[PDB]
Amino acid sequence: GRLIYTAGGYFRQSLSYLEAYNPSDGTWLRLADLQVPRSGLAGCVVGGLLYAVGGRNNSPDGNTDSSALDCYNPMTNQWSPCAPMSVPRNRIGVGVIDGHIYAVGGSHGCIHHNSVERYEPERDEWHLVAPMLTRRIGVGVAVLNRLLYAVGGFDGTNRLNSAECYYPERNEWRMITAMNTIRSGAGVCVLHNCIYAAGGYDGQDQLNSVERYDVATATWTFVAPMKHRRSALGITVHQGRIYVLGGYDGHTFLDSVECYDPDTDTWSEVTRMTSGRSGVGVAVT
Ligand SMILES: O=C(O)[C@H]1CCCC[C@H]1C(=O)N1CCc2c(OCCO)cccc2[C@H]1CN1C(=O)c2ccccc2C1=O
């Protein structure tokens, strides 16, 4: 009985919502709020515990980029703060290998990070690893074949279609094939040995198209597009299906949740969030 957790987001100001969707019965749970409201964060799971990483607190009182790591235990319904990152990271990407959380790219004020760092839950310590070849904010991250892929984003001057690949054992980055479309704030995940890149922003318009990286052929190819255009969308996989949650379409903050079936190559709206939002962090446990 794994649930889809969504944490934080933005709608007029940065949000503190933690809510859990159940794809079996379609119910939404109302869990303990984040201690600090955050947008542009990322979510992940290690050892049955949900982690909220980075982001930014937009309010009427002002703006503050977050270096925070906070840990949620579904058994206790309690948020506990963890050791902070070396620097604040808004519009962050996150991935997990051997129960270690990688925090990739993002912004602090005018700075656009190429730097990367790794968290050890057993020691409660962050440590820097080799930096990315490109500065990326709004970067999508995916873990495949025990390698951490960084996909798309924004380097301060240009929106990016390029992508690169981290090698944990060698501690080095390597550029892979570039995407068909330029994407910042895309939903990036792994399903059936492929990296999917859904939606995002190309510089002009928000996108509904989805493309899929195959490792053997080393090529990106398009699959069925989403019903609604969206950037800054939450994304995850649950029982062999991709779920995209919310986002921004240039005018509206979406409450819509669409679900991809790779067998039929079709998207469909499975539920709606309790309110519309963009820039959420998502994970499953
Ligand atoms: O971070 C920010 O300074 C804030 C500024 C206020 C709007 C929210 C937030 C933002 O700008 N976000 C959301 C996070 C995010 C992102 O993070 C993914 C990890 O969770 C990756 C790529 C792009 C974005 C953007 C998308 N976005 C909007 O929602 C939006 C609304 C109105 C005008 C322009 C924009 C826009 O550009």
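Residues numbered from 1 in each chain as written, not as in the entry; some residues may be left out. Heavy atoms only, no water.

- What the deposited record gives as its method is X-ray crystallography, and the resolution it gives is 2.5700 Å.

**So, the overall build of the protein**
Inference 1: Counting its secondary structure elements, the protein contains 0 helices and 30 strands.
Inference 2: Relative to the compact-globule value of 19 Å for 285 residues, the protein shows a C-alpha radius of gyration of 17 Å, a close match.
Inference 3: For the protein, the spread of C-alpha atoms along the principal axes amounts to about 45 × 40 × 35 Å.
Inference 4: If you take every contact in the protein between residues at least 6 apart in sequence, the share linking residues at least 24 apart comes to 49%.
Inference 5: Counting every atom, the protein has about 12200 Å² of accessible surface; 45% of that belongs to carbon and sulfur.
Inference 6: Taken as two groups, the 23 positive and 27 negative side-chain charges of the protein have centres that lie 2 Å from each other. (Helix = DSSP H or I, 4+ residues; strand = E, 2+ residues; numbered from the N terminus. Rg over C-alpha atoms; globule rule 2.2 N^0.38 Å. Contact = heavy atoms within 4.5 Å. Areas by Shrake-Rupley, 256 points an atom, 1.4 Å probe, with all protein chains shown as cover. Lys, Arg positive; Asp, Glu negative; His and termini not counted. Charge placed at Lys NZ, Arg CZ, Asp CG, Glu CD.)

**Focus on the packing of aromatic side chains**
Inference 1: Tallied over the entire structure, the rule returns 14 aromatic pairs.
Inference 2: Between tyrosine 72 and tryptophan 79, the aromatic rings sit 5.4 Å apart at their centres with planes inclined by 50°, giving tilted as the arrangement. As far as the burial class goes, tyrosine 72 and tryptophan 79 line up, both buried.
Inference 3: Here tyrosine 248 and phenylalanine 253 contribute two aromatic rings whose centre-to-centre distance is 5.4 Å and whose plane-to-plane angle is 40°, an arrangement assigned as tilted.
Inference 4: Judged by relative accessible area, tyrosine 248 falls into the partly exposed class, the value being 28%.
Inference 5: Using a relative accessible area of 23% as the deciding quantity, one classes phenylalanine 253 as partly exposed.
Inference 6: Three or more aromatic residues joined by ring pairs make a cluster, and in this case those are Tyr10, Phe11, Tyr248 and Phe253.
Inference 7: The side chain of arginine 159 reaches across the aromatic face of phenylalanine 154, ending 4.3 Å from its centre.
Inference 8: In this arrangement the basic side chain of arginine 174 is found over the ring face of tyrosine 167, its NZ or CZ atom lying 4.2 Å from the centre. (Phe/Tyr/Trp six-rings, centres within 6.5 Å; stacked < 30°, edge-to-face > 60°. Buried < 20%, exposed > 50% of the residue type's maximum accessible area, 1.4 Å probe, protein only. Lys NZ or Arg CZ within 6 Å of the ring centre and 35° of its normal.)

**Brief notes about the sheet that holds strand 30 (residues 281–284)**
Inference 1: Judged by pairing direction, the sheet is antiparallel, and its 4 strands sit side by side in the order 5-4-1-30 without closing on themselves. Two strands close off the open sheet at either side, each with one partner strand: strand 5 (27–30) and strand 30. Across the sheet, the mean angle from the axis of one strand to that of its neighbour is 25°, orientation sign disregarded.
Inference 2: Where strand 1 (residues 4–7) lies against strand 30, 4 bridges are found, and the strand directions are antiparallel. Directly across from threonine 6, in strand 30, lies its bridge partner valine 282. (Pairing = 2+ DSSP bridges. Axes fitted to C-alpha atoms, helices over the stretch in contact; angles between N-to-C directions.)

**Remarks on the sheet that holds strand 13 (residues 100–104)**
Inference 1: Read from one edge of the open sheet, 4 strands run 12-13-16-17, paired in antiparallel fashion. The outermost strands of the open sheet, each flanked by one partner alone, are strand 12 (93–97) and strand 17 (125–128). Mean inter-strand twist for the sheet, computed between neighbouring axes without regard to direction, equals 25°.
Inference 2: Looking at chain direction, strand 16 (residues 116–120) and strand 17 are connected through 4 bridges and run antiparallel. Note on strand 17: the bridge partner recorded for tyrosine 119 is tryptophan 126.

**Some remarks on the pattern of salt bridges**
Inference 1: Enumeration according to the criterion identifies 15 salt bridges in this entry.
Inference 2: For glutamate 164, the salt bridge goes to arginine 136, with nearest N and O atoms at 3.3 Å. With a gap of 28 residues between them, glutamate 164 in strand 20 (residues 159–167) and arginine 136 in the loop between strand 17 and strand 18 (140–144) connect regions that are remote in the sequence.
Inference 3: Given the relative accessible area of 0%, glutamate 164 is considered buried.
Inference 4: A residue is classified by how much of its surface remains accessible, and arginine 136, at 0% relative accessible area, is buried.
Inference 5: Among the ionic pairs, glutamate 258 bridges to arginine 230, the shortest N-O distance being 3.1 Å. With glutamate 258 in strand 28 (residues 253–261) and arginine 230 in the loop between strand 25 (219–222) and strand 26 (234–237), this residue pair connects regions lying 28 residues apart in the sequence.
Inference 6: When its relative accessible area of 0% is taken as the criterion, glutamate 258 is described as buried. (Salt bridge = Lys/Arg side-chain N within 4 Å of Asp/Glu carboxyl O.)

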